[PDB]
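Let's start with one chain on its own, the form deposited in one PDB entry, as structure tokens.
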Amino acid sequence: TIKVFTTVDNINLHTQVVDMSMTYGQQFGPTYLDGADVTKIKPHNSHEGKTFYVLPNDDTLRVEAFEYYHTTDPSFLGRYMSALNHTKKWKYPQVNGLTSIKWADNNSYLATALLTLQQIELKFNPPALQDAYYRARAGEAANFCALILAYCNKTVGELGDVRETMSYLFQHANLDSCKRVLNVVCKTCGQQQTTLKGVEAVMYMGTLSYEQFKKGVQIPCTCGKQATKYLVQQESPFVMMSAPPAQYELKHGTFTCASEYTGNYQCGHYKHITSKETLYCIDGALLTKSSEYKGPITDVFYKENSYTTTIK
């Protein structure tokens, strides 16, 4: 017999008396010690007093996991631990002032997402995610990346999509005050306003150019004609404009940052472009400075506070 603590969040610890003859799995279920899976292992005397992670297998643990991670998915903790085993071994160099990720396990979409998150104003709601985010900002990004994978249902090594990653993350962010008002104008059907809130207020698919969005983009109408959709009002600290990858040029001073994608879904690679005093292409640990940039851009991020159209 030894005494240990079990936990699902490393915040609320639960005393346990362990029997030395059974494995950890037989008496607790799947169990982790400092990230290492110990389910199959017999207890050691040197384990006394240590903290073990277990799966949320009763109502106290389920509620604690829910409050810390904001999910009820039973597989969450295990997928997070599997990911964390790998992400603790990645390297997080500081590149042009931001925490990046040295390439490994097809992780360029995560590097681009992490770099983007450090340049827009955002607050995550789950305590685990926001805590890991602040550590990632300071340079210890392993937990944040493992959590990103867990929330997106991705495993280490899988190819990822930045727009989809951002959408999952934004679902967990406090964007409830973000508002977008759009107008669609058809010569036959007339005008129709729409109001969008939260994630849908800050994300748009179809054009990369915020300016074009404000002037109007051509979209189809059911009446057979082409209508014009334009941005009437925007309240948010940033917006994200996406479109299928295509040759596009980024002008210094007109955007905050952007994602470039080369390849397809079987095989590809993201790079990150940011606008500072001049343009920088952060490519994992690699850094290239240039005054112009052209490439297959797929997402562009813009600062915003409050915008109202002057179209009549």
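From 1 onward, residues are counted along the sequence shown. Each form is matched to the other, and the largest set of C-alpha atoms that superpose within 1.5 Å is called the rigid core.
The stretch with the higher mean CA B factor, choosing between 22-30 and 47-55, is 22-30.
Of the two stretches examined, 36-44 and 63-71, the record assigns the greater average C-alpha temperature factor to 36-44. The residue among 100, 234, 212, 188 whose C-alpha carries the highest B-factor in the deposited model is 188. Each of 226, 112, 118, 87 has a CA temperature factor in the record; the biggest one is found at 226. Residue 310: CA B factor lies in the highest third for its chain, per the PDB record.
For residue 79, the recorded CA B-factor ranks within the highest third of the chain. Only modelled residues enter the ranking.
Residue 131: CA B factor lies in the lowest third for its chain, per the PDB record. Sort the modelled residues of the chain by CA B factor and residue 96 lands in the highest third.
Ranked by Cα temperature factor within the chain, residue 165 sits in the lowest third according to the deposited record.
Form deposited in another entry: not shown, discussed below.
Only one of 276, 70, 47, 62 has its Cα shifted by 2 Å or more between the shown form and the other one after fitting on the core, and that residue is 47. In the core-superposed comparison between the shown form and the other one, the C-alpha atom of residue 254 has shifted by less than 2 angstroms.
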